[PDB]
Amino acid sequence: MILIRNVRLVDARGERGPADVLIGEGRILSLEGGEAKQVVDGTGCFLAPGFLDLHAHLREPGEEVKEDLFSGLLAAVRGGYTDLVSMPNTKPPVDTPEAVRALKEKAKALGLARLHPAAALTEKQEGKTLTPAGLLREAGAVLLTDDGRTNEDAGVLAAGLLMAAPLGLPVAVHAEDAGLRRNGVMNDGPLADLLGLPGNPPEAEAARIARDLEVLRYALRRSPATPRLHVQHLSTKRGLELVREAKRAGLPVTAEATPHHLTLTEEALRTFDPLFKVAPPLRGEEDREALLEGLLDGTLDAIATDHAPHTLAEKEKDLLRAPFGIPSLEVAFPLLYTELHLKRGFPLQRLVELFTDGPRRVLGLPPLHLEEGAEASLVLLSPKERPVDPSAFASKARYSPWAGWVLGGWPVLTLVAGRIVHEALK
């Protein structure tokens, strides 16, 4: 039982308060105060529903040295997440009910962020044979994806959507046409040529998204149930336009954007620093600007991390040999609260919506609002400014493309159904 006084309330519906929030019995008991032995002065802070990440690579099983559920779910709660979706590109890939159950059992024993695991669309994510979606859902899978991997065979993706539709399992795709991407290490264009690096055409992403939207129409026709397509990390202006028009046309497609594609651009590669090597690549300012507009108009349904950790040593190899990936679980919200809300005037309720309601709806889960009687899975954000300090990360990837960045909006308290899983009141 906890009482948070003089705090602002913020969920997708809007900003309210200051108010005194009484939490107990795992729920929000009152928004008009009450009595409690544990009292938190939330002056200047705002309370929001616990966040939910749709795209996190936790490196377990198989590559625990990079990350594992212990470090990953801890980093998650420190980042304000009370719910998280793990990707299946592990060693070996999560494509069986037992693998799904194992992850869920461990996440329950640890009792930090809620694990909602994703399973592969195809066995070993090799893109040839569909997995047993029915059994996977029964075990707890919330979405199917071969992510990491692209889906080159349109027939498999189509069949995948048909298998998933009646199960209510969204199919999330890493939309890049491998044929046109070739083995680009950064965004293709003038800068790539200036740096003498093989480019990955942003059109490679537009091409695959365009294809998939037509494949989705096929699923709509052939399936009795409504299929669900989710475009992962969307990074280009053209890709955004494609999704915007598909939505206008009424297609059941959703999309997410990552913290790095919203704050960084290809320009960051002028040093050949692998810390900025990611898939899909960082794009141009024009693309980044378009995404911000996409966040506002609703074309983008959620902000997902695509938390992809590796070891510092690996990230210290030559740019061409270094792995693709950026970690961000612990900095995602403060980063965007600072760069988008404070510096660009981006609406706070909309930003919070993108970390809550949006992600939950993508999965088909009911929204969690700050209202009396609601489950007390919340996060308290502080305006205090402090730099991103990798050495202090709970995540094992002790590095960051935003290292040193002075940000406000860091979580100082995270609760999962009333239980304190993270506290840094300061």
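Quick note: we count residues from 1 along the sequence shown, nothing fancier.
Peer 1: Tell me which stretch, 79-87 or 216-224, has the higher mean Cα B-factor listed in the entry.
Peer 2: According to the entry, 216-224 carries the higher average C-alpha B-factor.
Peer 1: What stretch has the higher average Cα B-factor here, 200-208 or 164-172?
Peer 2: Result of the comparison: 164-172.
Peer 1: Can you pull the Cα B-factors for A36, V379, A394, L52 from the entry and say which is highest?
Peer 2: Answer for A36, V379, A394, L52: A36, with the highest C-alpha B-factor.
Peer 1: Just grab whichever of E285, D301, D306, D177 has the top CA B-factor as deposited.
Peer 2: If I rank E285, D301, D306, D177 by C-alpha B-factor, first place goes to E285.
Peer 1: Sort the modelled residues of this chain by their C-alpha B factor and say whether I23 lands in the lowest, middle or highest third.
Peer 2: Middle third of the chain for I23's C-alpha B-factor.
Peer 1: In terms of the chain's CA B-factor thirds, is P93 lowest, middle or highest?
Peer 2: Its C-alpha B-factor, which the entry lists for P93, ranks in the middle third among residues of this chain.
Peer 1: Within this chain's modelled residues, let me know which third the CA B factor of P359 belongs to: lowest, middle or highest.
Peer 2: Bottom third by C-alpha B-factor.
Peer 1: Comparing against every modelled residue in the chain, figure out the third that the C-alpha B-factor of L295 lands in (lowest, middle or highest).
Peer 2: Middle third.
Peer 1: Among all modelled residues of this chain, ranked by Cα B factor, put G148 in the bottom, middle or top third, i.e. lowest, middle or highest.
Peer 2: Highest third of the chain for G148's C-alpha B-factor.
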